[PDB]
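Here's the structure, in structure tokens; my notes come after.
There are 2 protein chains.
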Amino acid sequence: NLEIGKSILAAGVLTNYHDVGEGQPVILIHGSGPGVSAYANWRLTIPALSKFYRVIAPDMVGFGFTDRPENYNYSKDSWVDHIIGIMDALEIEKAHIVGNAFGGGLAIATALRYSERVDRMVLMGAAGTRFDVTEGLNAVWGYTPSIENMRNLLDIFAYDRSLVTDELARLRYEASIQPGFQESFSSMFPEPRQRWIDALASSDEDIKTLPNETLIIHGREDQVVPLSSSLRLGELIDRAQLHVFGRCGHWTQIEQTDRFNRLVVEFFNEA
Amino acid sequence: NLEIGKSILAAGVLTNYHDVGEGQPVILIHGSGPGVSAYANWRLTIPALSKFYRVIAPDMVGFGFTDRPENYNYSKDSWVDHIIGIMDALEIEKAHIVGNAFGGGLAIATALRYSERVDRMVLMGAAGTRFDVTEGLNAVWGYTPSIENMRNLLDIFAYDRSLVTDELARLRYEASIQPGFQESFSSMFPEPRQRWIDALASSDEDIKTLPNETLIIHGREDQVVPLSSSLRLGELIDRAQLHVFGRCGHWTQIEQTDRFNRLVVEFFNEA
Numbered sequence: 003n004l005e006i007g008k009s010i011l012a013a014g015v016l017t018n019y020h021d022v023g024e025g026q027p028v029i030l031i032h033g034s035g036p037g038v039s040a041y042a043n044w045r046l047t048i049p050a051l052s053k054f055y056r057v058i059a060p061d062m063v064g065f066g067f068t069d070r071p072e073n074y075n076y077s078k079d080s081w082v083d084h085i086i087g088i089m090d091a092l093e094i095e096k097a098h099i100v101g102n103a104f105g106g107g108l109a110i111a112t113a114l115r116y117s118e119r120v121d122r123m124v125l126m127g128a129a130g131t132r133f134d135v136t137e138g139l140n141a142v143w144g145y146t147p148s149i150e151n152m153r154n155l156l157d158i159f160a161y162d163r164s165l166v167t168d169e170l171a172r173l174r175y176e177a178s179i180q181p182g183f184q185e186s187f188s189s190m191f192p193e194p195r196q197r198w199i200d201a202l203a204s205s206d207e208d209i210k211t212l213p214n215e216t217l218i219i220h221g222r223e224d225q226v227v228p229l230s231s232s233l234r235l236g237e238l239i240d241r242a243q244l245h246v247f248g249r250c251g252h253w254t255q256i257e258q259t260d261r262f263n264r265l266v267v268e269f270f271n272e273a
Numbered sequence: 003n004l005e006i007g008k009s010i011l012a013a014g015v016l017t018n019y020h021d022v023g024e025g026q027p028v029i030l031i032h033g034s035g036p037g038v039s040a041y042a043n044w045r046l047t048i049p050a051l052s053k054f055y056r057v058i059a060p061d062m063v064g065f066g067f068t069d070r071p072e073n074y075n076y077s078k079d080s081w082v083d084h085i086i087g088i089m090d091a092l093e094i095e096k097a098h099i100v101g102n103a104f105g106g107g108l109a110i111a112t113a114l115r116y117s118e119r120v121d122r123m124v125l126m127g128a129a130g131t132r133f134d135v136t137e138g139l140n141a142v143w144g145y146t147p148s149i150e151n152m153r154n155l156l157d158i159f160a161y162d163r164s165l166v167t168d169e170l171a172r173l174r175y176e177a178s179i180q181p182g183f184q185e186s187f188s189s190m191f192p193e194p195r196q197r198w199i200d201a202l203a204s205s206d207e208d209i210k211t212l213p214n215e216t217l218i219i220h221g222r223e224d225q226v227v228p229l230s231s232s233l234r235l236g237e238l239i240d241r242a243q244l245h246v247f248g249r250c251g252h253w254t255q256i257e258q259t260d261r262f263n264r265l266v267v268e269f270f271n272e273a
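Below, the structure is given as structure tokens:
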């Protein structure tokens, strides 16, 4: 299973992660769908970025193959602590961070609590602002295992449905039913789900204080997070650029891979 | 005067233009401020793009050093005819087009009337949609010569006012009072100016038919054209990408030169 990588103790949690490349460190933080993992999210991103940077992609506690501690208290702050724990464990003093959706909210929160540890940020279809729950996100977080339910989620995630094959739905369905995966997932974001969008968000006031050069990315047709949310982040963060990809969903790094990798690498190259 | 380049008869008008580089043709179309010219608009863009493309930057009839025919009938359609005349005169069968503001509206109109002649488009703080006249545009089109009035316009155009020096204001003021310049300019967009924003715009219906890969660029702080206009173009044009530069005004190619040139060259490189 290529989704399983290296193992390291971080913030007291045995963490699964990938580490490829040399040089300036870049932390990639995945989304929050069923069966999600750092590899599943970043398999097409790591190869490109690792040619110029040291890329670290961990499975956040509660997701992927990282340990799911008994009675663990999941929260925006606990996840931020995990990210910092991972950085501390790897002697990463300061790094750029690419946060995808769920991960984007965590990236913002980390930059706010540990400003000295974050350099540049890339926020893709990111959590971070309070936006009305979408049917897309409610469906994603309300997932129940089945190849048909997974196919529907994959359809929700991408613009070009021709990319959603029976094989992909099958493979992601299988990933979603691995031991303990669905159990922790279904209990992670229970109804009413607006609560978690709000809990993962940061205040307009706080976001305005971010001094980091930031690149906000969003797919025009994103069904999970409305473009309006990223437009808002683009107005709040001072040193920000906003790039909207037409004919693209909530899976920008996979749907517009080459354009995405190019934009991100050049963005970090400026530093 | 570096603003004066080569001369060619196009659409029956003696036209001043610049032509640098080899390969795929790219037409750069300037904005509509007082004293504007292809060189003034594109001096920092041509050098970069000409390394990979053949860059053609003409002074549109009524502007710069191109002839201002007696009793000439200026209109969106006449300007489109000039662009096509320039392309015909240079045996340019198909080309990419970069339209800045005024030029962006002309680029859209050209792509609609001569679809077979336009490949990819870059629209920066572009005309093309009906948006309520801004004080910025009304001030630009309502310019009366003076170093103070020019300084105010330069301030309106850029985000970083530290770039607006006494020398720059002086030089652009001088450009605005060249023989016949102010006379044709003041009679070009008379009050009520909303009429010209509307005349230069294309219908939502027509814009939706554009099949061209398009890159829409806008400075977050643009005081002349509201970001909302470019957001609209980003929703209407199917194969579009929208890139918003924070800490940037209506002069993106000059305010964020390296980022701009990089994005544009890579955009054309995809073709």
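Chains A and A', in that order, are what the protein sequence lines are. A prime marks a further copy of an entry chain. Counting the first sequence from 1 gives a position; PDB author numbering is that position plus 2. Counting the second sequence from 1 gives a position; PDB author numbering is that position plus 2. Positions of the beta carbon are idealized from the N, C-alpha and C atoms, including for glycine.
For A:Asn263 versus A:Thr47, is the C-beta distance shorter than 8 Å? Here residue 263 of chain A corresponds to residue number 261 of the first sequence, with the count starting at 1. Here residue 47 of chain A corresponds to residue number 45 of the first sequence, with the count starting at 1. The answer is yes: Cβ separation under 8 Å.
Which residues of chain A have a Cβ atom closer than 9 Å to the Cβ of A':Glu257, listed in chain order? Here residue 257 of chain A' refers to the residue found at position 255 of the second sequence. Result: empty, since nearest Cβ-Cβ is about 13 Å, beyond 9 Å.
Run down chain A' in chain order and give the residues with a C-beta less than 7 Å from the C-beta of A:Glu268. Translated into the one-based positions of the first sequence, residue 268 of chain A becomes position 266. Within chain A', the residues near A:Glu268 are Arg264.
Where A':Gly64 meets chain A, residues with beta-carbon distance less than 7 Å: Mapped onto the second sequence, residue 64 of chain A' falls at position 62. Within chain A, no residue comes near A':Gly64; the closest Cβ sits about 33 Å away, beyond 7 Å.
Spatial neighbours of A':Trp143 within its chain, please: C-beta separation below 6 Å, excluding the five flanking residues on both sides. Indexing the second sequence from 1 puts residue 143 of chain A' at position 141. Cβ neighbours of A':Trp143 beyond the five flanking positions: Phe191 and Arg195.
I need the DSSP call for A:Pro36, collapsed to helix, strand or coil. For the purposes of this step, residue 36 of chain A is taken as the residue at position 34 of the first sequence. Residue state, collapsed to three classes: coil.
Per the contact definition of three or more C-beta pairs closer than 8 Å, is the region 168 to 178 of chain A' in contact with the region 110 to 125 of chain A'? Contact fails: fewer than three Cβ-Cβ distances are below 8 Å.
Contacting residues, own chain, Cβ-Cβ under 7 Å from A:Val22 (five flanking each side not counted): Sequence index remark: in the first sequence, residue 22 of chain A carries index 20 (1-based). The answer, listed in chain order, is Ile48, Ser52 and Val57.
A':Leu217 by DSSP, collapsed to three states: which one? What you label residue 217 of chain A' is simply residue 215 of the second sequence in a count that begins at 1. It is a strand residue.
Kindly confirm or deny that the region 244 to 252 of chain A and the region 220 to 234 of chain A touch, where touching means at least three C-beta pairs closer than 8 Å. yes
Given that A:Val246 touches chain A', what residues does it touch there, using C-beta distances under 9 Å? Here the question's residue 246 of chain A lines up with position 244 in the first sequence. Contact annotation for A:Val246 against chain A': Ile218, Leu233, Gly236, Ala242, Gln243, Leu244, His245 and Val246 [CB-CB distance below 9 Å, chain order].
Assumed close pair A:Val15, A:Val63 - CB separation to whole angstroms, cut-off 8 Å: Mapped onto the first sequence, residue 15 of chain A falls at position 13. Mapped onto the first sequence, residue 63 of chain A falls at position 61. Right, the Cβ-Cβ distance comes to about 5 Å (below 8 Å), so this counts as a contact.
Integer Cβ distance of A':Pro147 from A':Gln184, believed to fall under 8 Å: Numbered from 1 along the second sequence, position 145 holds the residue referred to as residue 147 of chain A'. Numbered from 1 along the second sequence, position 182 holds the residue referred to as residue 184 of chain A'. At roughly 6 Å, the Cβ-Cβ gap stays under 8 Å, so A':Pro147 and A':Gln184 are in contact.
Can you find at least 3 beta carbon pairs, one from the region 118 to 138 of chain A' and one from the region 96 to 104 of chain A', that sit closer than 8 Å? yes
Assuming A:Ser231 and A:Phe133 make a contact with CB atoms under 8 Å, what is their CB distance in whole Å? On the first sequence, position 229 is the one that residue 231 of chain A refers to. On the first sequence, position 131 is the one that residue 133 of chain A refers to. Indeed they touch by this definition, with Cβ atoms about 4 Å apart.
Compare the C-beta of A':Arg163 with all C-beta atoms of chain A and state if any pair is closer than 8 Å. Taking the second sequence and counting its residues from 1, one reaches residue 163 of chain A' at position 161. With 8 Å as the cut-off, A':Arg163 does not count as an interface residue toward chain A.
CB of A:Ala129 within 8 Å of CB of A:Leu235, strictly: The residue labelled residue 129 of chain A in the question sits at position 127 within the first sequence. The residue labelled residue 235 of chain A in the question sits at position 233 within the first sequence. Taking the C-beta atoms as reference points, A:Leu235 is found no nearer than 8 Å to A:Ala129.
Within 8 Å, strictly: CB atoms of A':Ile6 and A':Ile85: Position 4 of the second sequence holds residue 6 of chain A'. Position 83 of the second sequence holds residue 85 of chain A'. Their beta carbons are not under 8 Å apart, which means A':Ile6 does not touch A':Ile85 by this criterion.
Short check: CB of A:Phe65 to CB of A:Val38, under 8 Å? Here residue 65 of chain A is taken as the residue at index 63 of the first sequence, counted from 1. Here residue 38 of chain A is taken as the residue at index 36 of the first sequence, counted from 1. Yes. Within cutoff.
Which one of A':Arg261, A':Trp81, A':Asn102 and A':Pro228 has the shortest CA to CA distance from A':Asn43? The residue you call residue 43 of chain A' lines up with position 41 of the second sequence. Out of A':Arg261, A':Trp81, A':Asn102 and A':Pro228, A':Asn102 has the C-alpha closest to the C-alpha of A':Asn43.
Could one say the Cβ of A':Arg119 lies closer than 8 Å to chain A's Cβ atoms, at least one of them? Position 117 of the second sequence, counted from the first residue, corresponds to residue 119 of chain A'. No, no contact with chain A.
Output yes if chain A places a C-beta closer than 8 Å to the C-beta of A':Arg249; else output no. As a working mapping, residue 249 of chain A' is identified with position 247 in the second sequence. Judged by the 8 Å Cβ criterion, A':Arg249 is in contact with chain A.
Going by DSSP, name the residue or residues bridged to A':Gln184. Here the question's residue 184 of chain A' lines up with position 182 in the second sequence. In the DSSP output, where bridge partners are listed per residue, A':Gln184 has none listed.
Thinking A':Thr17 and A':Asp61 are a contact (beta carbons under 8 Å), I'd like their distance in whole angstroms, please. Residue numbering aside, residue 17 of chain A' sits at position 15 when the second sequence is read from its first letter. Residue numbering aside, residue 61 of chain A' sits at position 59 when the second sequence is read from its first letter. The pair is a contact, with the Cβ atoms about 7 Å apart (cut-off 8 Å).
Assigned secondary structure, A':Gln258 (DSSP; H/G/I helix, E/B strand, else coil): Taking the first residue of the second sequence as 1, we reach residue 258 of chain A' at position 256. Here A':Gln258 sits in coil by DSSP.
So what's A:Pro60 in DSSP terms, helix, strand or just coil? The residue given as residue 60 of chain A occupies position 58 in the first sequence. Strand.
Report the partner residues of A:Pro27 according to the DSSP bridge assignment. Position 25 of the first sequence holds residue 27 of chain A. According to DSSP, which records beta bridges pairwise, A:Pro27 is partnered with A:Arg56.
Which residue comes first and which comes last in the beta strand (DSSP E) that contains A:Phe247? The residue you call residue 247 of chain A lines up with position 245 of the first sequence. Counting along the chain, the beta strand (DSSP E) containing A:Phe247 begins and ends at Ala242 to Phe247.
Less than 8 Å between the C-beta atoms of A':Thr131 and A':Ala203, yes or no? Position 129 of the second sequence, counting from 1, holds the residue named residue 131 of chain A'. Position 201 of the second sequence, counting from 1, holds the residue named residue 203 of chain A'. A':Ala203 is positioned such that its CB atom lies closer than 8 Å to that of A':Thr131.
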